[PDB]
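Protein chains in written order, with the entry's author numbering: chain A, 316 to 680; chain A', 316 to 680. A prime marks a further copy of an entry chain.
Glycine residues also receive a C-beta, built at the ideal position from the N, C-alpha and C atoms.
In what follows, a single structure is set out as structure tokens and then discussed.
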Ligand SMILES: N[C@@H](CO)[C@@H](O)[C@H](O)[C@H](O)COP(=O)(O)O
Ligand SMILES: N[C@@H](CO)[C@@H](O)[C@H](O)[C@H](O)COP(=O)(O)O
């Protein structure tokens, strides 16, 4: 039972202050800035010997990799490859004995991610499971793993499991660099953001009524282009998938740096556009993308941060989310897009929890 | 002057039997199965010492990397990473002294690809230029390079330059494995396909009138989903971009293995779909994607090969292209999509050569 909510998905979205706390429970100690993933305690030293991280997954679990890639590169200093499992297998991707391969899966039974796992094992790679289902195939067949501990997720369109996968990979990253003197201030910045994150998610959830009103403006449209870069590239892909999944509107994520390489031809006053701009090191380049969409008569809705005075000042339609650290900001930025997919589906008369043509786990072929 | 054609783009498309011959001229000897890229003659041995290939580009030049990745993995046995240049830079991607980095660019002046190049040089990586413009910045600042020799390309939506980039990267691959006894039959298979390719492209071009008729069926639509996998993933992305660029229809490339992970919710009898199915090792899995689109009331147009009796037999709308080798087939499969973008733009009244909001080369920011 979902008692208090009319759907599992809305309950799962509004559960994210608690699911994030649950993911970090018994793991992150805020008194002494320590993180310990017991499921990885044995194997961590072996992992630090490896020469490359490969993150292998499908759909939203794939996006959680795209969302943490840069901070994994930053803090591990290893090359990080993120791969859609179906294509990884079609190409007979080269994998080596000193590769560590991560398998990201809410269900733990996704057929292509699991066959990806067995392919890598057969080549002698170290395998790590990041899942939300204890006792699943992927959880059982990996060498080590982390249970994200988000609790059961019933809505086919994933919400809390994405944000808990994201926190889980950030925690792995923090363990990886815990012996580096030069990285200790960075780690402490990150851990203080994680401490603050539950309260900041409660604050994003208070904008539900405002997002319902924007859904009211959009539910007759047939397309929407969601543009972001850097840390927010994953957020645009993930919001795009969520809207496709339960609303059946043609939403597409566009890498903002690619705009002038073709997609900008789609922009005029009739194409709905959502732009994400955060105050990280991509800010000036995102301000360029925005200016270029407006120059071509686009009328974008802009997801920015609450303290971004210059874009709030100069832009009429803003969804203003709280400010966090650059590599956690996408946990906050994705939530209005989760809520927008939900409200659009309600307005169109569609089943938010069990959309047409889809299942929670794709276990066959 | 384009004399004989009403546009540069259609002339460039119909030039592809000759541009392919021009790309291979003085390079591939069919009498003794030798390939020699003189621009790489000095540096080839150093390249074979390197531990990873990174392919860095924007838009269609990016797609040429996606299109040759698998055969580069196959024949070099190296890891191959393909990167959108804007994102490569946003993430401060780790690059090493024993990386070989390829910069793919028709113009040779694309700002993000060029800044990508300088970033890699500064870290001591070996840099290789694949371009269509002699004397360009990228051509001049790399350590070595190949001029694809396609001739001037005026149409903003790239055609011959894509297929010549593709052949150029296949030729590099063949040079890389020319000392391996076990790979000699494979190389000879590939070189015999390249020998046959110009005549097979003439045969695809003879279906112009048939593609004009399909454009006639589609030019009132607002969306189209183009689905493929494996070797044809690049083809679906590239056709999708070409239709966006000059027709302004919302065309999106979908990885066919990802269908059941969300995008299948978009499929019903009103969503136009183009599916690509080739007789390579992904055939049975592509037949599964097709069956799943039809099960959900989709009415796909299917690009298949002429000798694919089972899908011709069981499917009403086929664009039947000649059969080639698996890793060259996308040179043939992309051409109907080039011609479809062209005819759609004509029917809608748009400038095929100089679309709105775009330029041939993005040299600034
Ligand atoms: N249900 C979709 C997400 O909202 C889908 O893309 C999903 O992520 C995919 O099927 C993989 O499932 P997994 O996370 O259980 O492996
Ligand atoms: N004109 C477009 C291709 O049709 C665009 O995506 C293009 O590939 C991109 O701007 C990169 O240009 P380049 O190949 O000159 O580097």
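Whose Cβ in chain A' lies nearer than 7 Å to the Cβ of residue i?
i, result
"residue 578 (chain A)", "559"
"residue 294 (chain A)", "Past the edges of chain A, shown from 316 to 680, lies residue 294 (chain A), and the structure says nothing about it."
Taking the DSSP output, what are the residues bridged to residue i?
i, result
"residue 344 (chain A')", "A':349"
"residue 441 (chain A)", "A:415"
"residue 551 (chain A')", "None; residue 551 (chain A') has no bridge partner."
"residue 567 (chain A)", "A:540"
"residue 420 (chain A')", "A':446"
"residue 368 (chain A')", "A':395 and A':415"
Taking residue i as the query, report the chain A residues whose CB atoms sit under 7 Å from its CB, ordered along the chain.
i, result
"residue 497 (chain A')", "Result: empty, since nearest Cβ-Cβ is about 15 Å, beyond 7 Å."
"residue 570 (chain A')", "399, 401 and 402"
Could you compute how far the alpha carbon of residue i sits from the alpha carbon of residue j?
i, j, result
"residue 453 (chain A)", "residue 532 (chain A')", "46 Å"
"residue 651 (chain A')", "residue 529 (chain A')", "10 Å"
"residue 693 (chain A)", "residue 525 (chain A)", "As displayed, chain A neither begins before 316 nor continues past 680, which places residue 693 (chain A) out of reach and without an answer."
"residue 420 (chain A')", "residue 507 (chain A)", "43 Å"
"residue 503 (chain A)", "residue 510 (chain A)", "10 Å"
"residue 481 (chain A)", "residue 599 (chain A')", "34 Å"
"residue 366 (chain A')", "residue 434 (chain A)", "22 Å"
"residue 466 (chain A)", "residue 343 (chain A)", "18 Å"
"residue 449 (chain A)", "residue 464 (chain A)", "9 Å"
"residue 437 (chain A)", "residue 636 (chain A)", "45 Å"
"residue 431 (chain A)", "residue 403 (chain A)", "7 Å"
"residue 338 (chain A')", "residue 391 (chain A')", "21 Å"
"residue 468 (chain A)", "residue 423 (chain A)", "13 Å"
"residue 545 (chain A')", "residue 377 (chain A')", "16 Å"
"residue 656 (chain A')", "residue 500 (chain A)", "53 Å"
"residue 400 (chain A)", "residue 494 (chain A)", "33 Å"
"residue 386 (chain A)", "residue 596 (chain A)", "13 Å"
"residue 632 (chain A')", "residue 577 (chain A')", "25 Å"
"residue 674 (chain A')", "residue 418 (chain A)", "41 Å"
"residue 612 (chain A)", "residue 607 (chain A')", "39 Å"
"residue 521 (chain A')", "residue 628 (chain A)", "57 Å"
"residue 620 (chain A')", "residue 643 (chain A')", "13 Å"
"residue 316 (chain A)", "residue 564 (chain A)", "29 Å"
"residue 368 (chain A')", "residue 641 (chain A')", "22 Å"
"residue 513 (chain A)", "residue 505 (chain A)", "14 Å"
Look at residue i and residue j and say whether their C-beta atoms are less than 8 Å apart.
i, j, result
"residue 331 (chain A')", "residue 475 (chain A')", "yes"
"residue 604 (chain A')", "residue 574 (chain A')", "yes"
"residue 592 (chain A')", "residue 569 (chain A')", "no"
"residue 661 (chain A)", "residue 549 (chain A)", "no"
"residue 489 (chain A')", "residue 379 (chain A')", "no"
"residue 567 (chain A')", "residue 580 (chain A')", "no"
"residue 682 (chain A')", "residue 649 (chain A')", "Coverage of chain A' is limited to positions 316 through 680, which leaves residue 682 (chain A') absent and any answer about it impossible."
"residue 638 (chain A)", "residue 527 (chain A)", "no"
"residue 624 (chain A)", "residue 388 (chain A')", "no"
"residue 477 (chain A)", "residue 562 (chain A)", "no"
"residue 426 (chain A')", "residue 560 (chain A')", "no"
"residue 486 (chain A')", "residue 370 (chain A')", "no"
"residue 647 (chain A)", "residue 523 (chain A)", "no"
"residue 410 (chain A)", "residue 440 (chain A)", "yes"
"residue 358 (chain A')", "residue 492 (chain A')", "no"
"residue 416 (chain A')", "residue 446 (chain A')", "no"
"residue 539 (chain A')", "residue 589 (chain A')", "yes"
Taking C-beta pairs closer than 9 Å, name the residues in chain A' that residue i reaches, listed in chain order.
i, result
"residue 565 (chain A)", "537, 538, 540, 565, 567, 581 and 586"
"residue 615 (chain A)", "By Cβ distance, chain A' contributes nothing, its closest Cβ being about 15 Å from residue 615 (chain A), past 9 Å."
"residue 504 (chain A)", "Simply none; closest approach about 17 Å."
Could you list which residues in chain A have their beta carbon closer than 9 Å to that of residue i, in chain order?
i, result
"residue 548 (chain A')", "402 and 405"
"residue 594 (chain A')", "Result: empty, since nearest Cβ-Cβ is about 14 Å, beyond 9 Å."
"residue 603 (chain A')", "680"
"residue 556 (chain A')", "576, 577 and 578"
"residue 673 (chain A')", "575, 576, 577, 579 and 580"
Just to make sure I have the definition right: I need the residues of chain A whose C-beta is within less than 8 Å of the C-beta of residue i. Which are they?
i, result
"residue 435 (chain A')", "Per Cβ cutoff of 8 Å: no residues; residue 435 (chain A') is ~14 Å from chain A at best."
Under 8 Å Cβ-Cβ, which residues of chain A' neighbour residue i?
i, result
"residue 492 (chain A)", "Going along chain A', no residue has its Cβ under 8 Å from residue 492 (chain A), so there is no contact; the nearest lies around 14 Å."
"residue 374 (chain A)", "573, 576 and 577"
"residue 545 (chain A)", "402, 405 and 406"
"residue 677 (chain A)", "575 and 576"
"residue 388 (chain A)", "406, 407, 408 and 409"
Taking only runs that begin and end inside the stretch 422-484 of chain A, name each unbroken beta strand (DSSP E) of 3 or more residues, in chain order.
As summarised for the stretch 422-484 of chain A, the continuous beta strand (DSSP E) elements at least 3 residues long and confined to that stretch are 441-446 and 459-462, given in chain order.
Length-filtered (4 minimum) alpha helix (DSSP H) runs lying within the stretch 567-651 of chain A
Taking only runs of at least 4 residues, the alpha helix (DSSP H) segments lying wholly in the stretch 567-651 of chain A are 598-610, 624-629 and 644-648.
Any chance you could list the alpha helix (DSSP H) runs of at least 4 consecutive residues sitting entirely within the stretch 487-524 of chain A, in chain order?
DSSP assignment within the stretch 487-524 of chain A yields the following whole alpha helix (DSSP H) runs of 4 residues or more, N-terminal first: 499-520.
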